Every structure is written in C-alpha cells, then in structure tokens.
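Per chain, numbering begins at 1; letters A, B, ... match sequence-line order.
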Amino acid sequence: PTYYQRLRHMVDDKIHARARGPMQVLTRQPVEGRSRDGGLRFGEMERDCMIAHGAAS
Amino acid sequence: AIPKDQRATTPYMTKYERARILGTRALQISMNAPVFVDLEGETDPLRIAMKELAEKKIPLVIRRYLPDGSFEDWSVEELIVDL
Amino acid sequence: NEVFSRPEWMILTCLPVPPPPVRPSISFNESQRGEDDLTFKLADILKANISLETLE
RNA sequence: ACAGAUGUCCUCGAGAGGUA
DNA sequence: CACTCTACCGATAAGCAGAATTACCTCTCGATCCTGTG
C-alpha cells in the first residue's frame, strides 16, 4: 500500500474546442478564455516554426 | 525577363514544388474540373493528383524567379521527380 | 522628401480624429455607457482649442 | 387614405493564486 | 625662441531610454464629491 492524493486538475475542466465562435469588438479576433468560448493563440514561435517548415499557404 | 532555354536551375522537382503542384491539382480536382487520367476507382482529389503526377500528365508550369527579377519557365513533364 | 515628407509638415496644424471603430465604446454594466480614453482625450483637446480660440 | 417593437457577443485596465 | 591667448581633436565622466520565454486555467475588486444653488 501507498498513500496517494487526488489533485485539483481534471481533464473535464481543461478540454476545449472552438469553431467560429464569438467575435471581439476592437480587433475582431477570437475572444480569450475557455469560459467565453475562446480560441487558441498562434504565437510567434508557431509562426517561425511554420516558416522553417516552408508551408507558406 | 525570361532566360530563353539557356536555363541553369535544377532539372529535378523540389519538395516545395511537389507540395505546391499536388495541392493546386488536388484543389482543382476537388472542384468541378477535368481530369486527364483514369480515376480507376479513386475518389480522393489528392490521390488523383498523385496519380496524374505519376506519369507527368499535369499541365502546370513552374516559374522560378531569380533574385534579380528574371524568371525561367519549367514544365511539369520535363521536371524529374526523384523524391 | 519633396512630395512625400516635407520638413514644414512636421508641425501639427490639422489633427485628424480616428473613427469610432478605432475607439469603440464598451458595454460597461447594465444601463451604463462608457467611453474610451481616446474619446476623453480628444474631448479635452477640443475643449482646450475652444478655450484658446475664445481667449484670443 | 395611412400607423405602436425588436438583433446574437459584450465588460475593460489591473491584482492575486497556479499548471506545463 | 618663448612670450598670450586663439582654433583643432583625443580622452574622461555624468544624465538619459529599452528591455527583459511561451501557452493555459481560476477568482476579485472598481468605473467619483461638495461647495454652490432656488
């Protein structure tokens, strides 16, 4: 036997998926946060990795 | 300007060129466009594009731009596909 | 530049105002309306200009 | 002569606590 | 031949300005008065 604890992080509270959700007002870009049905952020690292991959389209 | 047929690039097809022609042909076949090969029971546009490229039956022209601004046109059928 | 950027154009004599899309108004809470900081600053500039014109 | 209501998303700057 | 400041650049020494990994989750607050009025 070994003592084990259950942490507060569960997959049911972290799974997200968006497809043409709510829009913003100023920048007209997807909103922030999972609770607001937001979208994932494409950072500069992802951009330069895709540049290195050569996928311009 | 176009370098006549005293071209000096490579007589083979690069990976980026292969991807671009495959994507363009896949999109064209996905839309209602003529196919110049025997589908032979294939229904995915990308696979139809590869089948067309197998015997160089794609009527596409590659325009390779020199850094100065000149460009030479290379036909798909005359480009060796070794990759 | 002779046509694109002259030295005498470096002094601001006419100030364009951004359109409402540039500085939109937030929803605030229920039955509450607020304005962006750009709108308040533009109103302050207009008030200062009017005061200067009247004082002159 | 005529003519009484609806259109879907609102915060925003911050602060704190954490996950890789 | 060095007498006095005149014109030149070569060091030294303090003041500014920027900028600091990426992505994600949750809560919690604040968006205004009073001297001056009829």
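Sorted by first then second residue, the side chain to side chain donor-acceptor pair (under 3.5 Å) pairs that include residues 19-36 of chain B, not counting sequence neighbours, are B:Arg25-B:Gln28, B:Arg25-B:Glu52. A ring-ring contact (aromatic ring centres under 6.0 Å, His included) check over residues 4-23 of chain A, counting only residues at least two apart or in different chains, returns nothing.
For D:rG15, the glycosidic angle deviates from 0 by more than 90°, giving an anti base. The glycosidic torsion of D:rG4 lies within 90° of 0, placing the base in the syn range.
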May I have the list of side-chain donor-acceptor pairs in residues 12-30 of chain C shorter than 3.5 Å, sequence neighbours left out?
unit_1: C:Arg23; atom_1: NE; unit_2: C:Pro18; atom_2: O; d: 3.4
unit_1: C:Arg23; atom_1: NH2; unit_2: C:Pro18; atom_2: O; d: 2.9

Q. Reading nucleotides 6-15 of chain D 5' to 3', which nucleotides get B (base under 4.0 Å from a protein heavy atom), which S (sugar-phosphate only), which -?
A. ---BBBS---
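Put simply, the side chain of B:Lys56 reaches to within 4.5 Å of the side chain of B:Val81, judged on heavy atoms.
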Under 3.5 Å between N/O atoms: give me all the protein pairs with nucleotides 20-27 of chain E, atom names plus distance.
unit_1: E:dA23; atom_1: OP1; unit_2: A:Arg41; atom_2: NE; d: 2.4
unit_1: E:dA23; atom_1: OP1; unit_2: A:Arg41; atom_2: NH2; d: 3.4
unit_1: E:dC25; atom_1: OP1; unit_2: A:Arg34; atom_2: N; d: 2.6

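With sequence neighbours excluded, the residues that form a salt bridge (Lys or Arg N to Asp or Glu O under 4.0 Å) with B:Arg7 are B:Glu78.
Counting non-hydrogen atoms of other residues, nucleotides and ligands closer than 6.0 Å to CZ of B:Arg47 gives a total of 12 or fewer.
Pairing of E:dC3, defined by two Watson-Crick or G-U wobble distances under 3.5 Å, is not identified with any nucleotide. Figure legend. E:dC9 is base-paired to no nucleotide; pairs are counted as Watson-Crick or G-U wobble with both atom distances under 3.5 Å. Across all strands shown, nothing is found opposite D:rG4 as a Watson-Crick or G-U wobble partner with both distances under 3.5 Å.
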